[PDB]
Amino acid sequence: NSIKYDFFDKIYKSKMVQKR
Amino acid sequence: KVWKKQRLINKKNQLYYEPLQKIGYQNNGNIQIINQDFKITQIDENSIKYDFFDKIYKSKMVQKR
Amino acid sequence: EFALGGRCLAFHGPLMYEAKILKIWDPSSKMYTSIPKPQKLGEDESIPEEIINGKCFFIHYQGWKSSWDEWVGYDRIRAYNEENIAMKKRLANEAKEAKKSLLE
């Protein structure tokens with residue numbers, strides 16, 4: 001269970017990026 | 001709007017099918033967890049988890065942006 | 001499909017005979033599970049060597065006497081489903097056609 005982990009880290013970083 | 005699940009047919013005429021995208025594939029409730037109209041999707045259970053996750057994400061961003 | 005006490009349909013030549021399972025064989029442990037069950041191969045119980053190492057089952061043929069109990073493995077014991085019933089009826093009809101050809 002690592003593909004989900006990295007995908008969600010990327011999506012969360014993008015999410016804070018869009019919500020700075 | 002009304003939704004119904006398909007009825008039980010003989011497995012002689014049952015046409016099981018499996019998709020390839022495995023992340024986004026719009027299916028009915030006729031799924032299988034692991035005349036060409038009653039195809040039951042073999043859902044690849046982890047795809048259920050994935051589909052749930054980004055669905056909750058979209059339900060968040062509809063009200064977040 | 002394949003369980004203790006469950007129905008099964010096993011091949012016998014160009015036709016099939018439906019039976020009920022009584023013992024489930026475990027080739028790894030050299031053991032069968034029966035019902036009125038961890039127990040070794042019986043003193044009078046044995047399986048043919050081509051199915052002693054396979055998933056064999058002790059079945060009783062319905063419509064046949066209790067003396068026709070047979071040890072049949074996964075080779076002939078099919079999965080009891082709609083296809084199994086349709087295919088039993090198909091080979092029954094083919095047997096009927098063979099009989100009619102022998103007659104007419």
# chains A, B, ... in the order shown; residues from 1 in each chain; ligands from 1
>>> select_by_dssp(residues="chain C", states="strand (DSSP E)", output="mmCIF file with C-alpha atoms, in the first residue's frame")
data_model
loop_
_atom_site.group_PDB
_atom_site.id
_atom_site.type_symbol
_atom_site.label_atom_id
_atom_site.label_comp_id
_atom_site.auth_asym_id
_atom_site.auth_seq_id
_atom_site.Cartn_x
_atom_site.Cartn_y
_atom_site.Cartn_z
ATOM 1 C CA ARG C 7 -25.020 -32.030 -4.058
ATOM 2 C CA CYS C 8 -22.674 -32.782 -6.933
ATOM 3 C CA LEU C 9 -22.840 -34.007 -10.523
ATOM 4 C CA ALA C 10 -20.107 -36.384 -11.682
ATOM 5 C CA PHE C 11 -19.293 -37.716 -15.132
ATOM 6 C CA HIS C 12 -19.664 -41.404 -15.933
ATOM 7 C CA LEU C 15 -23.500 -39.247 -19.335
ATOM 8 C CA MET C 16 -23.454 -37.792 -15.826
ATOM 9 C CA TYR C 17 -24.903 -39.055 -12.559
ATOM 10 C CA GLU C 18 -25.847 -36.686 -9.745
ATOM 11 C CA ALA C 19 -24.625 -37.619 -6.277
ATOM 12 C CA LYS C 20 -24.340 -36.228 -2.758
ATOM 13 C CA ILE C 21 -20.940 -35.701 -1.155
ATOM 14 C CA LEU C 22 -20.096 -37.440 2.118
ATOM 15 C CA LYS C 23 -16.286 -37.293 2.497
ATOM 16 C CA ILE C 24 -13.882 -34.533 1.435
ATOM 17 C CA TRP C 25 -10.324 -35.656 0.734
ATOM 18 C CA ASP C 26 -7.262 -33.619 1.710
ATOM 19 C CA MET C 31 -7.082 -37.545 5.262
ATOM 20 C CA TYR C 32 -10.809 -37.318 4.563
ATOM 21 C CA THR C 33 -13.510 -35.437 6.464
ATOM 22 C CA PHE C 57 -14.872 -36.879 -2.639
ATOM 23 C CA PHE C 58 -17.030 -39.772 -1.442
ATOM 24 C CA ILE C 59 -20.443 -39.479 -3.087
ATOM 25 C CA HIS C 60 -23.689 -41.456 -3.068
ATOM 26 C CA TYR C 61 -25.704 -41.705 -6.265
ATOM 27 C CA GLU C 70 -17.865 -44.027 -5.150
ATOM 28 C CA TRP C 71 -14.728 -41.959 -4.581
ATOM 29 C CA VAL C 72 -14.684 -39.386 -7.397
ATOM 30 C CA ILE C 77 -17.335 -34.061 -10.007
ATOM 31 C CA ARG C 78 -18.537 -30.816 -11.589
#
>>> select_by_dssp(residues="chain A", states="alpha helix (DSSP H)", output="MDAnalysis selection string")
chainID A and resid 3:18
>>> interface_residues(of="chain A", to="chain B", cutoff="12 Å", atoms="only C-alpha atoms", output="list in words")
residues 1, 3, 4, 5, 7, 8, 11, 12, 15, 16, 18 and 19 of chain A
>>> interface_residues(of="chain C", to="chain B", cutoff="12 Å", atoms="only C-alpha atoms", output="list in words")
residues 80, 81, 82, 83, 84, 85, 86 and 87 of chain C
>>> write_last_selection(atoms="N, CA and C atoms", output="PDB file, in the first residue's frame")
ATOM      1  N   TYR C  80     -22.255 -27.858  -9.324  1.00  0.00           N
ATOM      2  CA  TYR C  80     -23.698 -27.905  -9.531  1.00  0.00           C
ATOM      3  C   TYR C  80     -24.233 -26.493  -9.730  1.00  0.00           C
ATOM      4  N   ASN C  81     -24.463 -26.111 -10.984  1.00  0.00           N
ATOM      5  CA  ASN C  81     -25.024 -24.805 -11.308  1.00  0.00           C
ATOM      6  C   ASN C  81     -26.023 -24.985 -12.446  1.00  0.00           C
ATOM      7  N   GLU C  82     -26.485 -23.860 -12.997  1.00  0.00           N
ATOM      8  CA  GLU C  82     -27.419 -23.907 -14.118  1.00  0.00           C
ATOM      9  C   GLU C  82     -26.774 -24.543 -15.342  1.00  0.00           C
ATOM     10  N   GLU C  83     -25.497 -24.239 -15.587  1.00  0.00           N
ATOM     11  CA  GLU C  83     -24.791 -24.905 -16.674  1.00  0.00           C
ATOM     12  C   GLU C  83     -24.725 -26.406 -16.448  1.00  0.00           C
ATOM     13  N   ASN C  84     -24.524 -26.835 -15.200  1.00  0.00           N
ATOM     14  CA  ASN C  84     -24.473 -28.264 -14.915  1.00  0.00           C
ATOM     15  C   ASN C  84     -25.803 -28.938 -15.229  1.00  0.00           C
ATOM     16  N   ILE C  85     -26.917 -28.307 -14.853  1.00  0.00           N
ATOM     17  CA  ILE C  85     -28.229 -28.887 -15.138  1.00  0.00           C
ATOM     18  C   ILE C  85     -28.494 -28.903 -16.638  1.00  0.00           C
ATOM     19  N   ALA C  86     -28.178 -27.800 -17.320  1.00  0.00           N
ATOM     20  CA  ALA C  86     -28.408 -27.731 -18.758  1.00  0.00           C
ATOM     21  C   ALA C  86     -27.578 -28.772 -19.496  1.00  0.00           C
ATOM     22  N   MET C  87     -26.333 -28.975 -19.072  1.00  0.00           N
ATOM     23  CA  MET C  87     -25.445 -29.949 -19.692  1.00  0.00           C
ATOM     24  C   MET C  87     -25.818 -31.391 -19.357  1.00  0.00           C
TER      25      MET C  87
END
>>> atom_distance(atom1="atom CA of residue 51 of chain C", atom2="atom CA of residue 74 of chain C")
8.3 Å
>>> residues_around(residues="residue 95 of chain C", least_positions_apart="5", cutoff="9 Å", atoms="only C-alpha atoms", output="MDAnalysis selection string")
chainID C and resid 14:15 90 100
>>> closest_residue(among="B:55, B:1, B:39, B:60", to="residue 14 of chain B", atoms="only C-alpha atoms")
B:39
>>> residues_around(residues="segment 40-43 of chain B", least_positions_apart="2", cutoff="9 Å", atoms="only C-alpha atoms", output="count of residues only")
20
>>> residues_around(residues="residue 49 of chain C", least_positions_apart="6", cutoff="12 Å", atoms="only C-alpha atoms", output="PyMOL selection string")
chain C and resi 27+30+55-56+71-73
>>> decode(residues="chain A", atoms="N, CA and C atoms", output="PDB file, in the first residue's frame")
ATOM      1  N   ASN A   1       0.832  -1.197   0.000  1.00  0.00           N
ATOM      2  CA  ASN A   1       0.000   0.000   0.000  1.00  0.00           C
ATOM      3  C   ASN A   1       0.870   1.252   0.000  1.00  0.00           C
ATOM      4  N   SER A   2       1.512   1.520  -1.134  1.00  0.00           N
ATOM      5  CA  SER A   2       2.366   2.689  -1.288  1.00  0.00           C
ATOM      6  C   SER A   2       1.934   3.622  -2.407  1.00  0.00           C
ATOM      7  N   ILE A   3       1.323   3.101  -3.475  1.00  0.00           N
ATOM      8  CA  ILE A   3       0.847   3.957  -4.558  1.00  0.00           C
ATOM      9  C   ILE A   3      -0.184   4.946  -4.033  1.00  0.00           C
ATOM     10  N   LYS A   4      -1.127   4.453  -3.226  1.00  0.00           N
ATOM     11  CA  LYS A   4      -2.098   5.331  -2.587  1.00  0.00           C
ATOM     12  C   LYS A   4      -1.408   6.371  -1.716  1.00  0.00           C
ATOM     13  N   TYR A   5      -0.373   5.962  -0.979  1.00  0.00           N
ATOM     14  CA  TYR A   5       0.298   6.883  -0.069  1.00  0.00           C
ATOM     15  C   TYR A   5       0.921   8.049  -0.827  1.00  0.00           C
ATOM     16  N   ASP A   6       1.733   7.756  -1.849  1.00  0.00           N
ATOM     17  CA  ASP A   6       2.390   8.829  -2.593  1.00  0.00           C
ATOM     18  C   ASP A   6       1.379   9.672  -3.359  1.00  0.00           C
ATOM     19  N   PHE A   7       0.357   9.031  -3.936  1.00  0.00           N
ATOM     20  CA  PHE A   7      -0.669   9.787  -4.644  1.00  0.00           C
ATOM     21  C   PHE A   7      -1.370  10.760  -3.707  1.00  0.00           C
ATOM     22  N   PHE A   8      -1.653  10.326  -2.477  1.00  0.00           N
ATOM     23  CA  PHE A   8      -2.343  11.200  -1.542  1.00  0.00           C
ATOM     24  C   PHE A   8      -1.423  12.281  -0.993  1.00  0.00           C
ATOM     25  N   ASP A   9      -0.129  11.994  -0.821  1.00  0.00           N
ATOM     26  CA  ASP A   9       0.796  13.067  -0.458  1.00  0.00           C
ATOM     27  C   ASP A   9       0.831  14.136  -1.541  1.00  0.00           C
ATOM     28  N   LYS A  10       0.891  13.713  -2.808  1.00  0.00           N
ATOM     29  CA  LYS A  10       0.892  14.674  -3.908  1.00  0.00           C
ATOM     30  C   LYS A  10      -0.400  15.482  -3.940  1.00  0.00           C
ATOM     31  N   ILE A  11      -1.543  14.812  -3.777  1.00  0.00           N
ATOM     32  CA  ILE A  11      -2.817  15.520  -3.826  1.00  0.00           C
ATOM     33  C   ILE A  11      -2.959  16.467  -2.640  1.00  0.00           C
ATOM     34  N   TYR A  12      -2.449  16.091  -1.464  1.00  0.00           N
ATOM     35  CA  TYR A  12      -2.549  16.965  -0.302  1.00  0.00           C
ATOM     36  C   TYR A  12      -1.625  18.167  -0.442  1.00  0.00           C
ATOM     37  N   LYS A  13      -0.419  17.958  -0.977  1.00  0.00           N
ATOM     38  CA  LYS A  13       0.464  19.090  -1.231  1.00  0.00           C
ATOM     39  C   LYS A  13      -0.166  20.046  -2.233  1.00  0.00           C
ATOM     40  N   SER A  14      -0.756  19.508  -3.305  1.00  0.00           N
ATOM     41  CA  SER A  14      -1.477  20.353  -4.252  1.00  0.00           C
ATOM     42  C   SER A  14      -2.653  21.054  -3.581  1.00  0.00           C
ATOM     43  N   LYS A  15      -3.270  20.399  -2.595  1.00  0.00           N
ATOM     44  CA  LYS A  15      -4.437  20.967  -1.929  1.00  0.00           C
ATOM     45  C   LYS A  15      -4.056  22.162  -1.063  1.00  0.00           C
ATOM     46  N   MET A  16      -2.994  22.030  -0.262  1.00  0.00           N
ATOM     47  CA  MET A  16      -2.468  23.202   0.439  1.00  0.00           C
ATOM     48  C   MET A  16      -1.957  24.255  -0.538  1.00  0.00           C
ATOM     49  N   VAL A  17      -1.428  23.831  -1.689  1.00  0.00           N
ATOM     50  CA  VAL A  17      -0.984  24.793  -2.696  1.00  0.00           C
ATOM     51  C   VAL A  17      -2.156  25.643  -3.171  1.00  0.00           C
ATOM     52  N   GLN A  18      -3.298  25.009  -3.436  1.00  0.00           N
ATOM     53  CA  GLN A  18      -4.490  25.736  -3.849  1.00  0.00           C
ATOM     54  C   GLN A  18      -5.186  26.439  -2.689  1.00  0.00           C
ATOM     55  N   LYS A  19      -4.785  26.167  -1.449  1.00  0.00           N
ATOM     56  CA  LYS A  19      -5.405  26.757  -0.268  1.00  0.00           C
ATOM     57  C   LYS A  19      -4.353  27.342   0.664  1.00  0.00           C
ATOM     58  N   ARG A  20      -3.370  28.040   0.103  1.00  0.00           N
ATOM     59  CA  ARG A  20      -2.340  28.689   0.909  1.00  0.00           C
ATOM     60  C   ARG A  20      -2.929  29.826   1.739  1.00  0.00           C
TER      61      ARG A  20
END
